[PDB]
Amino acid sequence: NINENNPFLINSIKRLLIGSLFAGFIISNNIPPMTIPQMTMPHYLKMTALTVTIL
Amino acid sequence: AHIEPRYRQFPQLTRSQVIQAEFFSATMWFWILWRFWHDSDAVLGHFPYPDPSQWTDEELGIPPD
Amino acid sequence: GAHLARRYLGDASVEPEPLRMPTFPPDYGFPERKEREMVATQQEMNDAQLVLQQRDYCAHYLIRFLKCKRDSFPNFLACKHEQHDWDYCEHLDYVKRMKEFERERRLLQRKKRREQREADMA
Amino acid sequence: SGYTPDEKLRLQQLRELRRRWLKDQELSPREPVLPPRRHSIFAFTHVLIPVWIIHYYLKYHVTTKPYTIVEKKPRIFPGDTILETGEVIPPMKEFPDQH
Amino acid sequence: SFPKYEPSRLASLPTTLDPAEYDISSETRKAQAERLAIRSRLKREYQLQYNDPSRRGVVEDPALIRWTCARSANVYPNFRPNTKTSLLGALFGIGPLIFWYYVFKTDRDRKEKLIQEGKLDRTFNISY
Amino acid sequence: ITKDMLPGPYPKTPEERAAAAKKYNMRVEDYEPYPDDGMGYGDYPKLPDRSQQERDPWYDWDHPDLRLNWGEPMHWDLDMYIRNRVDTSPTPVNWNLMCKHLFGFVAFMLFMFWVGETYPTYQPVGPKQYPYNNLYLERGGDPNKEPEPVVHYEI
Amino acid sequence: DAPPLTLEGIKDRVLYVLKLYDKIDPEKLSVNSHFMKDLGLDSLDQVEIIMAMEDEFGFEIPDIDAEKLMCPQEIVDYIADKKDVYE
Amino acid sequence: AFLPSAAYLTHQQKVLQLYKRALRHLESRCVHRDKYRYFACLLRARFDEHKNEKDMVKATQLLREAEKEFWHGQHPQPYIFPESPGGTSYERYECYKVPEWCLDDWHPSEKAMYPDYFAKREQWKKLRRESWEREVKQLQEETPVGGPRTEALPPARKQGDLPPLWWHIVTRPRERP
Amino acid sequence: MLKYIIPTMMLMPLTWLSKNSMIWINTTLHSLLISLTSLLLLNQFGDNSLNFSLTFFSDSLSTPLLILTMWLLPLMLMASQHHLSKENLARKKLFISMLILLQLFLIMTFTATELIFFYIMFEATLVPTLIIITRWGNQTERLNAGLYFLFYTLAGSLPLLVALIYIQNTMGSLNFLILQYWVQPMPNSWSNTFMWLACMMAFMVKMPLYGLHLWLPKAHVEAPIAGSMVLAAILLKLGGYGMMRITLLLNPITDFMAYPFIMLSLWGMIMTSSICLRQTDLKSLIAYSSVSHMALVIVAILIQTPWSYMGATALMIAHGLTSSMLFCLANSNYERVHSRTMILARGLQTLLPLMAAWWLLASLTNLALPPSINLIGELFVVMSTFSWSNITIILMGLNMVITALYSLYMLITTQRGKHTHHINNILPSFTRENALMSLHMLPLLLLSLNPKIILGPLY
Amino acid sequence: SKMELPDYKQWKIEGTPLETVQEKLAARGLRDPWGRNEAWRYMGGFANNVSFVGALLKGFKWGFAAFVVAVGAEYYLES
Amino acid sequence: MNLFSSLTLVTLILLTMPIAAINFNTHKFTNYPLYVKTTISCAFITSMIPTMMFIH
Ligand SMILES: CCCCCCCCCCCCCCCCCC(=O)OC[C@H](COP(=O)([O-])OC[C@H](O)COP(=O)([O-])OC[C@H](COC(=O)CCCCCCCCCCCCCCCCC)OC(=O)CCCCCCCCCCCCCCCCC)OC(=O)CCCCCCCCCCCCCCCCC
Ligand SMILES: CCCCCCCCCCCCCCCCCC(=O)OC[C@H](COP(=O)([O-])OCC[N+](C)(C)C)OC(=O)CCCCCCCCCCCCCCCCC
Ligand SMILES: CCCCCCCCCCCCCCCCCC(=O)OC[C@H](COP(=O)(O)OCCN)OC(=O)CCCCCCCCCCCCCCCCC
Ligand SMILES: *C(=O)CCCCCCCCCCCCC
């Protein structure tokens with residue numbers, strides 16, 4: 001009985017899908033700086049989160 | 001017409017759910033590649049990390065005694 | 001992160017403690033060492049309502065970036081240059097802090113060589 | 001082995017009575033016999049009339065009392081012009097250019 | 001071989017790992033049949049009243065009324081003051097009272113001694 | 001209900017034990033009372049101290065939520081051994097082994113947090129440098145007093 | 001969602017699962033083919049048939065009911081009674 | 001162990017129930033269908049090895065160490081069907097299963113909304129109250145002395161009679177009300 | 001205060017001259033009119049109490065208890081008219097006369113300017129309550145419950161009589177308004193120790209103190225519903241009222257006499273709340289919860305800070321309404337299943353949804369859900385006891401776990417789960433019953449809008 | 001209403017991993033009596049499901065095409 | 001100042017209004033869940049204005 005074709009379901013997942021694509025970008029470029037971001041670090045230490053996730 | 005249930009076989013797909021699913025998958029990969037093309041430093045690194053061992057004793061003030 | 005292995009598994013007398021340094025005077029090794037120049041006036045970064053963590057020696061780029069971010073609304077993607085200016089000067093401040101760390105480590109190496117030379121000489 | 005003949009007979013009789021009961025839980029085409037009983041009005045009754053009520057309440061009852069709506073004072077930059085004074089905030093000192 | 005299951009107070013032994021589960025002896029057959037007969041007689045006595053069309057109310061359960069009377073009213077007429085109950089009533093009845101008495105008394109003596117020596121930071125404390 | 005079906009005192013003679021077992025609707029060989037230490041139990045049966053989760057759920061109970069029949073002598077802690085509460089059901093891992101594994105894991109993690117607190121990681125940098133005497137007026141220093149001059153130099 | 005079961009549909013599905021079982025020849029099978037007497041199957045085979053019924057319809061049959069469903073019509077009647085078909 | 005009709009489980013019944021529990025826990029261990037199907041035929045071979053064992057002490061011993069085998073090799077979270085006890089949807093709809101007698105408590109203005117349903121309910125209630133005395137006297141003329149021995153009930157032996165104690169089995173609520 | 005005493009007395013010819021079908025309607029109507037008139041007592045001032053005469057006065061402590069007392073009589077008449085429907089007509093009028101007489105004794109108990117008149121009214125309230133319990137209670141143990149309710153109270157109160165006559169002979173007066181100005185400090189002696197015990201132990205019994213509470217899970221349980229309403233909602237609060245009047249005269253010895261009793265409540269509210277986790281009797285669970293809630297009022301009166309008295313009087317009013325509604329809910333199920341065993345009738349939200357909503361609301365007010373005045377009184381007592389000693393938050397916070405854990409268990413056991421199959425006399429909720437639940441809950445929710453009227457003389 | 005079930009004779013386990021299972025069972029003297037019951041899961045539209053990197057790279061082809069078109073659009077549009 | 005605070009309180013009052021609608025009811029609803037969904041969508045739209053003039 002596999003069926004997901006209700007516009008309620010599709011639109012409700014769709015708006016959070018647009019959120020899960022773009023909302024981190026939009027919010028992170030709209031908020032003001034309240035700390036100082038650490039942006040100078042060695043290359044094994046900058047790539048740590050992505051490498052650990054891939055591993 | 002709504003989806004009829006099937007028995008021991010692949011269910012009926014609508015054209016709309018398939019094209020929307022493929023469209024948002026292509027949207028995701030477009031966004032990943034686009035922001036990777038433009039930013040390219042939130043992932044790989046913003047500024048070069050200098051080597052402290054390559055620094056001279058003159059600029060750090062280490063008089064030789 | 002090799003300095004953690006040098007301080008914890010090696011000796012800590014030559015490695016600089018983070019909580020209390022510089023232990024050497026700032027003029028120790030420098031002919032006429034000049035101060036750091038503060039560009040933003042104390043009243044200017046007071047009236048810009050900056051966070052007290054953010055009122056460092058490079059807050060004038062942050063003031064320029066926040067004025068850009070106010071003036072370029074709703075186009076929130078239109079101040080990448082001022083943001084990169086502030087990020088680059090924070091990077092330069094971080095490089096200066098690394099230079100202070102390496103300076104203190106080299107002077108502790110100098111003191112280690114000094115006391116070993118004094119033990120081997122007399 | 002499975003059921004005894006008494007168990008088969010009892011389950012058949014209970015099954016017949018149960019299927020009659022479940023059939024008799026159905027509805028008539030007249031049932032339920034009920035007794036005999038503007039495009040954007042949601043933007044008017046639920047939004048705009050509350051904006052009216054809340055603006056009246058805040059303007060003439062809340063802001064007429066001290067320290068009820070206290071706003072953070074706006075952020076002042078070097079190079080601004082004050083609206084209440086006209087006093088131009090003087091711009092920053094020239095930068096020791098880094099790049 | 002396999003680690004033996006060690007049953008506890010809050011994690012009992014399984015039905016299939018109990019060595020009395022595999023009793024084919026005639027006395028256990030008699031016990032299981034007599035428990036079956038008691039349970040069937042109580043079941044029949046329940047569902048004669050439960051399926052009654054004339055009955056409109058509560059099928060009273062004398063097991064339940066018996067349980068509530070044992071939990072509530074039978075406790076004092078079957079109490080005897082002896083060594084065990086006296087030590088448990090002194091340990092659990094006045095013991096924590098003595099304990100919290102000395103704790104709160106020591107705390108308030110320390111606090112009052114700090115206050116009347118001008119030592120406790122009581123700078124903005126004006127709600128009490 | 002009447003007098004001779006209510007709970008009574010502790011049975012000592014075997015005929016009183018048999019009348020008690022007949023009262024609580026159970027066999028004499030299965031009827032154990034609580035030990036007569038004077039705690040207030042009387043003749044009430046010590047049922048074998050199981051939760052009601054362990055009862056057979058596919059059996060047709062008179063009370064399906066409680067898994068309990070009508071007329072069945074209830075446990076003394078029946079309100080305690082309901083399925084909303086304390087379970088005694090058999091666990092896949094031994095109870096002592098569960099206690100040893102959980103205590104070892106929690107104690108080892110707290111010990112390693114103490115170790116990492118004693119040996120913290122950091123970055124090869126100096127202190128963050130702030131102008132105006134480490135921001136003396138900003139941090140709440142009074143303007144009538146004057147701080148000692150905190151001076152940071154170029155490097 | 002949730003299509004209603006009928007006696008004919010349940011009968012079709014039970015006989016369909018039994019026609020896909022390689023210890024029953026699908027031409028001898030009928031609705032009253034007793035598994036131990038007519039079809040000549042083991043009690044282990046009866047347990048596996050009831051477990052395939054559970055995997056087919058999605059609900060567990062208890063063992064006190066599983067050890068007594070000895071023809072496919074008993075299985076259809078049991079699923080009917082536990083699912084209330086022909087409402 | 002604990003059954004309504006029988007006082008006990010036979011040895012054969014214990015072997016069957018251990019076989020079914022072992023295959024369910026094996027399916028919980030062996031998620032994919034081909035891999036489960038392979039190890040399930042292997043377990044069927046392990047149960048076929050000791051099928052023709054005539055020493056009942058030896059068969060009971062093998063069943064006991066097979067239970068210890070199963071208890072070592074069980075899954076910590078076995079697969080439970082959603083409406084099976086321990087399931088995610090188990091006893092979910094019990095809040096919607098209102099009993100039939102509450103329909104007697106309805107107001108006549110909300111009974112008049114369904115005239116045919118309550119007119120049809122009246123003959124069910126009438127059939128029940130005329131069958132009740134016949135099925136009570138059927139139960140008392142057939143139950144042995146000392147009470148009933150098992151919880152099984154007799155069927156309707158005559159024509160026109162209904163089986164005894166039938167109302168709360170027939171008029172139970174649906175599984176999806 | 002004579003404008004409330006005379007209408008309460010005119011309720012006696014109003015009930016003894018009414019027609020036989022009319023004695024509930026007329027008494028309900030005119031007791032609601034007296035309760036409407038009770039709001040004139042809210043003429044309170046920030047400095048001066050509302051001092052009517054030589055005999056009667058009303059500050060902001062007596063005023064909410066008066067409003068609650070005069071409001072509780074119509075609600076008791078609604079709660080008690082069902083189970084006394086088959087009662088004899090003259091015994092029905094005697095029941096109503098005992099409730100009227102109890103209201104009469106209470107409304108001049110709370111306004112008694114002089115303390116021996118306070119004592120006479122305070123002990124005059126025993127006799128209608130005793131008669132209601134032992135005459136219209138349902139079970140055999142109503143007689144023993146009446147004996148316990150009488151003889152803990154009198155054994156507490158007769159040393160209070162001796163001590164108040166001693167204050168009369170020493171200070172010259174027992175006017176509370178005079179004793180606000182002539183109060184002498186009470187030094188450390190054994191004579192003043194037993195002075196303190198004689199002035200306090202009667203109210204310790206009436207609160208009840210833990211260890212002296214044994215009369216209550218009989219007297220609240222064996223009573224009829226109007227008896228349980230007036231015992232829980234008003235008659236426990238005579239102890240707290242009398243403590244707040246009498247601890248003026250007991251300084252500074254109270255600052256070291258309070259130490260045992262504070263322990264007896266701070267541990268006792270842990271115990272009785274724990275006891276509510278294992279109560280099979282629902283009405284006994286509500287009784288032990290009343291002991292658990294009044295233990296906080298005992299602590300708040302003994303530590304004698306302003307936040308503590310404000311939280312204590314807020315918690316007294318809030319607990320009056322909440323426990324009265326909880327007993328009325330327990331009676332609404334007892335009138336159907338005819339057993340007070342809580343495990344008997346389950347799953348009642350499937351059968352009675354609006355009554356289960358009332359159960360939910362009374363449970364949430366029992367567990368002190370903000371911003372209810374239950375939470376306001378609870379919270380202010382917790383603030384003042386933290387300022388008293390910082391460790392007490394443990395015994396406070398642990399209490400607030402267990403207070404949740406029996407309140408929702410009472411909600412889960414009675415209303416949730418599968419309904420009981422063999423119980424089939426569960427009628428729909430009568431309009432009288434839902435009216436009773438709303439007349440408890442709606443004032444308790446409206447008082448969160450303006451809680452300053454139930455925060456005592458030192459708000 | 002009346003639903004038509006498909007034929008039971010079309011579910012054959014050749015070409016599926018049930019065939020590998022039956023061969024490894026016949027290698028030690030066993031036979032697989034529930035193969036055709038499980039045969040529908042490995043046949044029809046549920047045969048040849050994607051790999052995990054094929055799951056993640058769903059829509060990567062059209063996304064890469066739209067990426068190259070947009071990069072060429074901004075590379076021409078700057079001039 | 002007058003826009004910000006007004007739409008701020010409008011968001012909360014607008015969210016409270018279907019609670020008053022479900023408590024002040026007689027009829028079987030003409031899709032009350034659609035009403036609450038429309039209400040929360042419009043409260044989101046209303047709350048975006050103080051958010052944007054915070055970003056400014
Ligand atoms: C002076 C003027 C004042 C005007 C404003 C009113 C102020 C409060 C007054 C009392 C409010 C409650 C009364 C209604 C509920 C009780 C009866 C009921 O359940 O009916 C259900 C029924 C609707 O349900 P249904 O589908 O028909 O059938 C029910 C089902 O059987 C089963 O239903 P169910 O179980 O599905 O639903 C029950 C559900 C159950 O809902 C819950 O359990 C959720 C609530 C708790 C958690 C969430 C709230 C937590 C606290 C935050 C809110 C307060 C502060 C908010 C402000 C911002 C922060 C400070 O109840 C609600 O949702 C009620 C919403 C309002 C709840 C108020 C708080 C009660 C919780 C416990 C105490 C909390 C602390 C005290 C708060 C006091 C605030 C003043 O309601 C009605 O028919 C309404 C009847 C008439 C109501 C009259 C209200 C006024 C009474 C006073 C009269 C005199 C003054 C004149 C005022 C007139 C105003 C018009
Ligand atoms: C609920 C059960 C428990 C109830 C507990 C009730 C309180 C417990 C203590 C009560 C003590 C007796 C009344 C004291 C009145 C004090 C008035 C006063 O001025 O005192 C100072 C006076 C002082 O005398 P004086 O004031 O005339 O003298 C002038 C002042 N000096 C002393 C400086 C010269 O005290 C006394 O004269 C004696 C007081 C103690 C009395 C001891 C006997 C009674 C013992 C306790 C009995 C408790 C209840 C027993 C029943 C239990 C149930 C069956
Ligand atoms: C920064 C600091 C951080 C510190 C962290 C460490 C400290 C806390 C340590 C843990 C303490 C709480 C955990 C233990 C109690 C858990 C109770 C509970 O939820 O039990 C659940 C149980 C049934 O649930 P379950 O069996 O899981 O369900 C399976 C599905 N049938 O439900 C039941 O059986 C119902 C039981 C109802 C009565 C409960 C009685 C016990 C109450 C305990 C209160 C503890 C208060 C501690 C106060 C501390 C104050 C500082
Ligand atoms: C020295 O190494 C400084 C970095 C901080 C301490 C070591 C952190 C190790 C984990 C992060 C890198 C992981 C690489 C796979």
# chains A, B, ... in the order shown; residues from 1 in each chain; ligands from 1
>>> residues_near_ligand(ligand="ligand 1", cutoff="6 Å", atoms="only C-alpha atoms and all ligand atoms", output="count of residues only")
17
>>> residues_near_ligand(ligand="ligand 2", cutoff="12 Å", atoms="only C-alpha atoms and all ligand atoms", output="ChimeraX atom specification")
/I:148-171,186-215
>>> residues_around(residues="residue 459 (chain I)", least_positions_apart="5", cutoff="8 Å", atoms="only C-alpha atoms", output="list in words")
residues 306, 310 and 452 of chain I
>>> atom_distance(atom1="CA of residue 2 (chain G)", atom2="CA of residue 16 (chain B)")
23.1 Å
>>> closest_residue(among="C:105, C:110, C:70, C:117", to="chain K", atoms="only C-alpha atoms")
C:70
>>> residues_near_ligand(ligand="ligand 4", cutoff="7 Å", atoms="only C-alpha atoms and all ligand atoms", output="number ranges by chain")
A: 44-45, 48, 51-52; C: 1-4; F: 121-123
>>> residues_near_ligand(ligand="ligand 3", cutoff="9 Å", atoms="only C-alpha atoms and all ligand atoms", output="list in words")
residues 53, 80, 81, 82, 83, 84, 85, 86 and 87 of chain F; 86 of chain H; 274, 277, 393, 394, 395, 396, 397, 398, 399, 401, 402, 405, 406 and 409 of chain I
>>> write_last_selection(atoms="N, CA and C atoms", output="CSV table (one decimal), in the first residue's frame")
chain,number,residue,atom,x,y,z
F,53,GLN,N,4.0,-7.7,34.0
F,53,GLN,CA,4.5,-7.9,32.7
F,53,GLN,C,4.9,-9.3,32.3
F,80,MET,N,2.2,-2.0,42.9
F,80,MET,CA,3.6,-1.7,42.6
F,80,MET,C,4.1,-2.5,41.4
F,81,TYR,N,3.6,-3.7,41.2
F,81,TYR,CA,4.0,-4.6,40.1
F,81,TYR,C,3.1,-4.4,38.8
F,82,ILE,N,2.4,-3.3,38.7
F,82,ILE,CA,1.7,-3.1,37.5
F,82,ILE,C,2.6,-2.8,36.3
F,83,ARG,N,2.1,-2.9,35.1
F,83,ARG,CA,3.0,-2.7,33.9
F,83,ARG,C,3.4,-1.3,33.7
F,84,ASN,N,2.8,-0.3,34.3
F,84,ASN,CA,3.2,1.1,34.3
F,84,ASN,C,4.4,1.3,35.3
F,85,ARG,N,4.9,0.3,35.9
F,85,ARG,CA,5.8,0.4,37.1
F,85,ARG,C,6.8,-0.7,37.0
F,86,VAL,N,7.4,-1.0,38.1
F,86,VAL,CA,8.6,-1.9,38.3
F,86,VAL,C,8.4,-3.3,37.6
F,87,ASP,N,9.4,-3.6,36.8
F,87,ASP,CA,9.4,-4.8,36.0
F,87,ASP,C,10.4,-5.8,36.6
H,86,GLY,N,4.4,-6.0,23.3
H,86,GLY,CA,5.8,-5.4,23.1
H,86,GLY,C,5.9,-4.6,21.8
I,274,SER,N,5.3,10.1,49.5
I,274,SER,CA,5.7,8.8,49.2
I,274,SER,C,4.5,7.8,49.5
I,277,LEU,N,2.2,7.4,46.8
I,277,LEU,CA,2.6,6.5,45.7
I,277,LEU,C,2.0,5.1,45.8
I,393,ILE,N,16.3,22.9,49.8
I,393,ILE,CA,15.8,22.8,48.4
I,393,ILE,C,15.8,21.3,48.0
I,394,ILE,N,16.8,20.5,48.5
I,394,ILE,CA,16.8,19.1,48.3
I,394,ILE,C,15.4,18.5,48.7
I,395,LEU,N,15.1,18.7,50.0
I,395,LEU,CA,13.8,18.2,50.5
I,395,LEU,C,12.6,18.9,49.9
I,396,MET,N,12.8,20.1,49.3
I,396,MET,CA,11.8,20.7,48.5
I,396,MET,C,11.7,20.1,47.2
I,397,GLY,N,12.8,19.9,46.5
I,397,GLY,CA,12.8,19.5,45.1
I,397,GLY,C,12.4,18.1,44.9
I,398,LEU,N,12.9,17.2,45.8
I,398,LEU,CA,12.5,15.8,45.9
I,398,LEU,C,11.0,15.7,46.1
I,399,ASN,N,10.4,16.6,47.0
I,399,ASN,CA,9.0,16.7,47.2
I,399,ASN,C,8.3,17.0,45.9
I,401,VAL,N,9.2,16.2,43.0
I,401,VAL,CA,9.1,15.1,42.1
I,401,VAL,C,8.0,14.2,42.5
I,402,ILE,N,7.9,13.9,43.8
I,402,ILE,CA,6.9,12.9,44.3
I,402,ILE,C,5.5,13.5,44.2
I,405,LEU,N,4.5,12.7,40.9
I,405,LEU,CA,4.4,11.3,40.7
I,405,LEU,C,3.1,10.7,41.2
I,406,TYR,N,2.6,11.2,42.3
I,406,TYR,CA,1.3,10.7,42.6
I,406,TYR,C,0.1,11.4,42.0
I,409,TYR,N,-0.2,9.7,38.5
I,409,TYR,CA,-0.6,8.3,38.8
I,409,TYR,C,-2.1,8.2,39.1
>>> interface_residues(of="chain A", to="chain C", cutoff="9 Å", atoms="only C-alpha atoms", output="PyMOL selection string")
chain A and resi 26+29-30+32-40+45
>>> write_last_selection(atoms="C-alpha atoms", output="compact mmCIF listing (two decimals), in the first residue's frame")
# COMPACT_ATOMS: atom_id res chain seq x y z
CA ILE A 26 20.52 32.28 4.82
CA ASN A 29 24.63 35.22 6.46
CA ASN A 30 21.85 37.22 8.15
CA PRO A 32 25.34 39.58 13.25
CA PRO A 33 28.74 38.57 14.62
CA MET A 34 28.58 38.11 18.38
CA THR A 35 31.96 36.38 18.80
CA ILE A 36 35.19 36.34 16.80
CA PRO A 37 35.29 33.27 14.51
CA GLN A 38 38.49 31.23 14.62
CA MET A 39 39.52 30.97 10.98
CA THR A 40 43.26 30.19 11.17
CA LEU A 45 42.62 20.49 12.11
>>> closest_residue(among="K:15, K:22, K:36, K:52", to="chain C", atoms="only C-alpha atoms")
K:52
